[PDB]
Participant: 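Before I ask anything, here is the structure I am working with.
All residue numbers in this chain count up from 1 along the given sequence.
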Amino acid sequence: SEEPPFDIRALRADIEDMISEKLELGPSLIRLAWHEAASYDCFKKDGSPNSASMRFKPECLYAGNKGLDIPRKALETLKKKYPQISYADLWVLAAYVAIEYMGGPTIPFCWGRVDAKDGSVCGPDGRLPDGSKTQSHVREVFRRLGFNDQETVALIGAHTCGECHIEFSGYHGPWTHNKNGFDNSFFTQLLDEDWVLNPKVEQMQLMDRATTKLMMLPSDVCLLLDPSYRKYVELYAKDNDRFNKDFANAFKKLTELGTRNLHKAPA
Ligand code: HEM
Ligand SMILES: [Ca+2]
Ligand SMILES: [K+]
């Protein structure tokens, strides 16, 4: 529709380059964008999602955002090179490129997000979801964000890529045997393995009986235990195209929560 004031083409290319020079950045950029949107409360209408408010204290110090300085710092180099882009746009755009680069769907980008100017707009701590908890908590968090059960399950399928780091969350390991590819293999893994207790990680997590090299969180396996969430796990495990499409729509929605006057980018 409308040309952004920054060179989007060149920028897309710089972000693919940066990811290619450091592949484990792909998943952290997705998590960065998700956590900047995850402060929203659709009932209270607060929390400054999608405003790059995680640049500021105290949100940058919340336990759940630990390690997200890495992708923020990496993107600083690009903000410098393309000054017309807001950080908030940049953070969203880099997640979309990451998803695509790793084999995921191409999500239509909208631009024009305004950056928070100070940390007084940041939402409270305790809005990010807790991996040690299960379906009650999960549904409560995602209701509060504006998502239904179908959207919830689709979004959590992003765990198909990346991994847990002891230093950041206290959990350990990848969910899938290809942490650098974005497909429906998180649901597939969830359903096809026998998940057994990992007796050597201090924060409770499961491991696959077959190899013991994969992991799931309590919040992940709660998607099997809940009868509504399990319908959708099954839907995505048996239909990768459907997963691509629903993930695309839900993530776009996630990254457009609490925004206004966006413009559709070209491609
Ligand atoms: C129930 C909701 C969620 C919980 C409890 C949760 C929990 C976690 C935890 C504990 C980590 C590990 C962080 C680390 O140690 O580095 C993580 C990583 C990640 N999560 Fe989530 N997550 C949730 C939902 C989501 C959603 C909705 C998205 C995306 C749409 C997402 C995408 C990711 C990605 C990409 C990583 C990888 C980060 C990396 O490799 O550096 N997660 N998640
Ligand atoms: Ca925020
Ligand atoms: K994967």
Participant: Is the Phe186-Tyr236 ring centre distance short of 6.0 angstrom?
Facilitator: no
Participant: Would you say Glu36's side chain and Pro49's backbone share a donor-acceptor pair under 3.5 angstrom?
Facilitator: no
Participant: Between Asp208 and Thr211, is a side chain to side chain donor-acceptor pair (under 3.5 Å) present by the stated rule, with each step listed?
Facilitator: CA-CA 6 Å; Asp208 70 295; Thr211 73; 2.5 Å; yes
Participant: Could you walk me through whether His35 and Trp91 pass the side-chain contact (heavy atoms from CB on, under 4.5 Å) check?
Facilitator: CA-CA 11 Å; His35 280 205; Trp91 288 7; over 6 Å; no
Participant: Could you see if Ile156 belongs to whatever hydrophobic cluster contains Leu206? Use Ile, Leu, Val, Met, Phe, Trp, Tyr and a side-chain cutoff under 4.5 Å.
Facilitator: yes
Participant: Donor-acceptor pair, distance only, cut-off 3.5 Å: does the side chain of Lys264 make one with the backbone of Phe109?
Facilitator: no
Participant: Does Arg139 come within less than 4.0 Å of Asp226, counting only side-chain N to carboxylate O?
Facilitator: yes
Participant: With the side chain counted from C-beta on, respond yes when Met207 and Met216 share a heavy-atom pair under 4.5 Å apart, and no when they do not.
Facilitator: no
Participant: When hydrophobic residues are tied together by side-chain contacts of less than 4.5 Å, even through go-betweens, does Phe247 share a cluster with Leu235?
Facilitator: yes
Participant: Once rounded to the nearest 0.5 Å, what's the spacing between atom OH of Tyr101 and atom SG of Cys161?
Facilitator: 13.5 Å
Participant: Hey, what do you get for CG (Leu32) to CG (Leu29), rounding to the nearest 0.5 Å?
Facilitator: 7.0 Å
Participant: Between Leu128 and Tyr40, is there a shared hydrophobic cluster once you connect ILVMFWY residues whose side-chain heavy atoms come closer than 4.5 Å?
Facilitator: no
Participant: Over all heavy atoms of both residues, which pair between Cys110 and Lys252 is shortest? Give the atoms and the distance, please.
Facilitator: SG-NZ, 3.3 Å
Participant: Could you walk me through whether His137 and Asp130 satisfy the side chain to side chain donor-acceptor pair (under 3.5 Å) test, starting with their C-alpha distance in whole Å, then the side-chain angles of each, then the deciding distance to 0.1 Å, before giving a yes or no?
Facilitator: CA-CA 8 Å; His137 171 72; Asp130 187 335; 5.5 Å; no
Participant: Go through the steps to decide whether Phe187 and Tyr232 satisfy the test ring pair (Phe, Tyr, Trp, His ring centres under 6.0 Å), and finish with yes or no.
Facilitator: CA-CA 9 Å; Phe187 302 104; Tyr232 299 109; over 10 Å; no
Participant: Less than 4.5 Å apart, side chain to side chain, heavy atoms only: is that true for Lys200 and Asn198?
Facilitator: yes
Participant: Considering non-hydrogen atoms only, spot the tightest contact between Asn244 and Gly104 and give its length.
Facilitator: ND2-C, 3.9 Å
Participant: Strictly distance-based, threshold 3.5 Å: is any side-chain N or O of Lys79 a donor or acceptor partner for the main-chain N or O of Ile85?
Facilitator: yes
Participant: Between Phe142 and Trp34, how do the two ring planes meet: parallel, tilted or perpendicular, split at 30° and 60°?
Facilitator: parallel
Participant: Of all heavy-atom pairs between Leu190 and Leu224, which one has the smallest distance, and what is that distance?
Facilitator: O-CD1, 3.4 Å
Participant: Assess the residue pair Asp183 and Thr160 against the criterion (side chain to side chain donor-acceptor pair (under 3.5 Å)); give the C-alpha distance rounded to whole Å, side-chain angles, the decisive distance to 0.1 Å, and a yes or no.
Facilitator: CA-CA 6 Å; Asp183 61 8; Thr160 187; 3.2 Å; yes
Participant: Would a distance-only check, ignoring hydrogens and angles, find a side-chain to backbone donor-acceptor pair under 3.5 Å from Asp115 to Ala52?
Facilitator: no
Participant: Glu256 versus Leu262: any side-chain heavy-atom pair under 4.5 Å?
Facilitator: yes
Participant: Could you measure the distance from the NE2 atom of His172 to the CD atom of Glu202? Nearest 0.5 Å is fine.
Facilitator: 12.5 Å
Participant: Checking side chain to side chain donor-acceptor pair (under 3.5 Å) for the pair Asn50/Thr255: CA distance, chi angles, key distance, verdict?
Facilitator: CA-CA 6 Å; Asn50 299 303; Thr255 54; 5.3 Å; no
Participant: Under a 3.5 Å cutoff, is there a donor and acceptor pairing between the side chains of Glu59 and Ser39?
Facilitator: no
Participant: Side chain of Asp194, backbone of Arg209: donor and acceptor closer than 3.5 Å?
Facilitator: no
Participant: State, yes or no, whether a side-chain contact exists between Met102 and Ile30 at a heavy-atom distance under 4.5 Å.
Facilitator: yes
Participant: May I ask you to decide whether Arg12 forms a salt bridge with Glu100, counting only side-chain N to carboxylate O separations under 4.0 Å?
Facilitator: yes
Participant: Are there more than 12 heavy atoms of other residues, nucleotides or ligands under 6.0 Å from atom NZ of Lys231?
Facilitator: yes
Participant: Between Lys179 and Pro27, is any pair of side-chain heavy atoms under 4.5 Å apart?
Facilitator: no
Participant: For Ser185 and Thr188, does a side-chain donor sit closer than 3.5 Å to a side-chain acceptor?
Facilitator: no
Participant: Shortest non-hydrogen contact from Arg72 to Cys60?
Facilitator: NH2-CB, 4.1 Å
Participant: Distance from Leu90 atom CG to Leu75 atom CG, nearest 0.5 Å?
Facilitator: 4.5 Å
Participant: Do the non-hydrogen side-chain atoms of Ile107 and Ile99 ever get within less than 4.5 Å of each other?
Facilitator: yes
Participant: Just by modelled atom types, is the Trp111 backbone N or O under 3.5 Å from a matching donor or acceptor in the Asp89 side chain?
Facilitator: no
Participant: Is the shortest side-chain N to carboxylate O distance from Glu3 to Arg9 below 4.0 Å?
Facilitator: yes
Participant: How about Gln84: does its CD atom have over 12 heavy atoms from other parts shown lying under 6.0 Å from it?
Facilitator: yes
Participant: Which atom names give the shortest non-hydrogen contact between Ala250 and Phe147, and what distance separates them?
Facilitator: O-CE2, 3.7 Å
Participant: I'd like to know if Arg143 and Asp41 make a salt bridge, using a cut-off of under 4.0 Å between side-chain N and carboxylate O.
Facilitator: no
Participant: Do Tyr87 and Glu76 get their side chains close enough for a donor-acceptor pair, meaning under 3.5 Å?
Facilitator: yes
Participant: When you look at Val221 and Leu223, which way does the side-chain contact (heavy atoms from CB on, under 4.5 Å) test go after all the steps?
Facilitator: CA-CA 5 Å; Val221 297; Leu223 306 179; over 6 Å; no
Participant: For the CH2 atom of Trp175 and the CD atom of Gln205, what is their distance to the nearest 0.5 Å?
Facilitator: 9.5 Å
Participant: Going hydrophobic residue to hydrophobic residue with side-chain gaps under 4.5 angstrom, can you get from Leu68 over to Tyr171?
Facilitator: yes
Participant: For the backbone of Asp220 and the side chain of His159, can you confirm whether one donor and one acceptor N or O come within less than 3.5 Å of each other?
Facilitator: no
Participant: If we ignore hydrogens and angles and just use 3.5 Å, is the side chain of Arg144 paired with the main-chain N or O of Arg127 as donor and acceptor?
Facilitator: yes
Participant: Tell me whether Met54 is reachable from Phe56 by hopping between hydrophobic residues (I, L, V, M, F, W, Y) whose side-chain heavy atoms are closer than 4.5 Å.
Facilitator: no
Participant: Considering non-hydrogen atoms only, spot the tightest contact between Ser219 and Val138 and give its length.
Facilitator: CB-CG2, 4.3 Å
Participant: Decide whether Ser20 and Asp17 meet the rule of one side-chain donor and one side-chain acceptor closer than 3.5 Å.
Facilitator: no
Participant: Answer whether the closest heavy-atom distance between the side chains of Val92 and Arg113 falls below 4.5 Å.
Facilitator: yes
Participant: For the pair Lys253 and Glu151, find out whether any cationic side-chain nitrogen is under 4.0 Å from an anionic carboxylate oxygen.
Facilitator: yes
Participant: Got a second to check how far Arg55's CZ is from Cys122's SG, nearest 0.5 Å?
Facilitator: 11.0 Å
Participant: Run the salt-bridge test on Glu234 and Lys238 with the 4.0 Å N-O cut-off and return the result as yes or no.
Facilitator: no
